[PDB]
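# Structure at a glance
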There are 2 protein chains.
Amino acid sequence: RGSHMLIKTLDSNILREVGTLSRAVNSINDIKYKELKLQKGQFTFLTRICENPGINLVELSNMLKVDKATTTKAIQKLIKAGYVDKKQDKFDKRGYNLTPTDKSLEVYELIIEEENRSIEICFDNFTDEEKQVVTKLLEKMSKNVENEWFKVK
Amino acid sequence: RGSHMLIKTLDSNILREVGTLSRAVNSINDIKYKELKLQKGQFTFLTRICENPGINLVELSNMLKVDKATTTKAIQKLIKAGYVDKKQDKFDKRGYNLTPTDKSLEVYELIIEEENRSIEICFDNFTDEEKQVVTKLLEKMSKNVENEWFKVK
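A word on the packing of helix α2 (residues 42-51) of chain A against helix α5 (residues 102-123) of chain A. All names here are of chain A. Axis separation between α2 and α5 bottoms out at 10 Å; the angle between their running directions is 115°. Compared by their axis directions, α2 and α5 come out roughly perpendicular. Here α2 and α5 pass one another in a crossing that is left-handed. Where α2 abuts α5, its residues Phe 43, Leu 46, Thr 47, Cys 50 and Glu 51 lie against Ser 104, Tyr 108, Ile 111 and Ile 112. For the contact of α2 with α5, the residue count by class is six nonpolar, two polar and one charged.

Following the UniProt record, the feature "domain: HTH marR-type" (unreviewed entry) maps to residues 11-143 of chain A here. Between the end C-alpha atoms of residues 11-143 of chain A there is a gap of 20 Å, over a span that is 66% helix and 8% strand.

Between chain A and chain B, which share one sequence, the superposing operator has a rotation angle of 180° and an axial displacement of 0.0 Å; the RMSD is 0.0 Å. Expressed as a symmetry operation, the mapping of one chain copy onto the other fits a two-fold axis. Identified as the residue of chain A closest to the rotation axis by C-alpha distance is A:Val134, at 2.9 Å. A shared interface surface links the copies, since 100% of the contact residues of chain A are contact residues in chain B too.

Our next topic: a positive patch on the surface. All names here are of chain A. Together, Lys 68, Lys 86, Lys 93 and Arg 94 line one region of the surface with positive charge. Locating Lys 68 in the fold gives a position in helix α4 (residues 68-80). A relative accessible area of 45% places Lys 68 in the partly exposed class.

Once that is clear, we can look at the interface of chain A and chain B. Contact residues are listed per partner, giving 66 residues for chain A and 66 residues for chain B. Interface area, chain A with chain B, both sides summed: about 6,200 Å², of which 63% is carbon and sulfur. In this structure, the connection of chain A to chain B is made through 10 salt bridges. The salt bridge involving A:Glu148 is made with B:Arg117; its shortest N-O contact spans 3.0 Å. On inspection of chain A and its partner chain B, the count reaches 25 residue pairs in polar contact. Among the secondary structure elements, those contributing two or more residues to the side of chain A that touches chain B are α1 (14-32), α2, α3 (57-64), α5 and α6 (128-152) of chain A. At 17 residues, α6(A) tops the list of elements feeding residues into the side of chain A that touches chain B. Of the residues in the side of chain A that touches chain B, the class split is 28 nonpolar, 17 polar and 21 charged.

Rules used throughout
Residues numbered from 1 in each chain as written, not as in the entry; some residues may be left out. Chains lettered and ligands numbered in written order. Heavy atoms only, no water. Axes fitted to C-alpha atoms, helices over the stretch in contact; angles between N-to-C directions. Helix = DSSP H or I, 4+ residues; strand = E, 2+ residues; numbered from the N terminus. Parallel < 35°, antiparallel > 145°, perpendicular 65-115°, else oblique. Left-handed = near helix turned anticlockwise from the far one by under 90°. Contact = heavy atoms within 4.5 Å. Nonpolar A, V, L, I, M, F, W, Y, C, P; charged D, E, K, R; others polar. UniProt positions renumbered as here; feature names shortened; annotations may be inferred. Least-squares fit on C-alpha atoms. Patch = residues over 30% accessible without salt bridge, like charges linked within 9 Å, V, L, I, M, F, W, Y side chains within 5 Å. Areas by Shrake-Rupley, 256 points an atom, 1.4 Å probe, with all protein chains shown as cover. Salt bridge = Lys/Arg side-chain N within 4 Å of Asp/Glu carboxyl O. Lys, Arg positive; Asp, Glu negative; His and termini not counted. Charge placed at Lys NZ, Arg CZ, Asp CG, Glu CD. Buried < 20%, exposed > 50% of the residue type's maximum accessible area, 1.4 Å probe, protein only. Buried area = accessible area lost by both parts, 1.4 Å probe. Polar contact = N/O pair within 3.5 Å; in protein donor to acceptor, adjacent residues only side chain to side chain.

This is the structure we're talking about:
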């Protein structure tokens, strides 16, 4: 702490704000999901598996915009914790299909409840028009960075 | 892959979009910063240290909206890689002040260049008015989730 000033060399604050928002939501999700052992992004992988049963690790990486190594490590942990089953694919011998276990089906509703609670917090004091606007413009930002990720990966 | 439908139980797509955008930018930053050994958020901690020399681990955690354990692990790695020096604080015996090393001062400009390049990608095809709007509304979202993080942490 001291006397501060704006950073003149950074063209925009937009990614700092996106990092702040993202670290904050994940730090808070780390509190809620510690007891369930779903902290550090685990709940993210789980929801996608529940929403798309049979998805494979490659598809799951592409959906989440991370590399396969990240996905592999997270899937191993979720299997060990009994949230996911993997089965070798019938047609590609080194693919796996991911499926949710009976356990994770109860948690799924819990997770979605939590997401809607975080969503409500994000939108505190938003008008409906602001909601729509920011929703749409984030989509546009998202698609730009998606495109780049497919080129660069 | 198959035939899909919208998830009716999720009040909004906004945090999915924020996760997509954030994972994508970090996955891309993991490519650019692999050679410098600044992947997995390391470059984030480093920039804050360069921008605020003398900052301590507690302040740095609060600025980045993560818990102190995360910060400690990242700082240890950055010291080991020679990007940061830590010194015990004169007045709180178990605080440390973080400072950038000579090495990291060259990288800092590189990192900021990269951030401006990512920013440009995010804003591809944006009008000036859209830029301002999304910038402002993300700030508002950010502040809501900040508040909650201070309550819950």
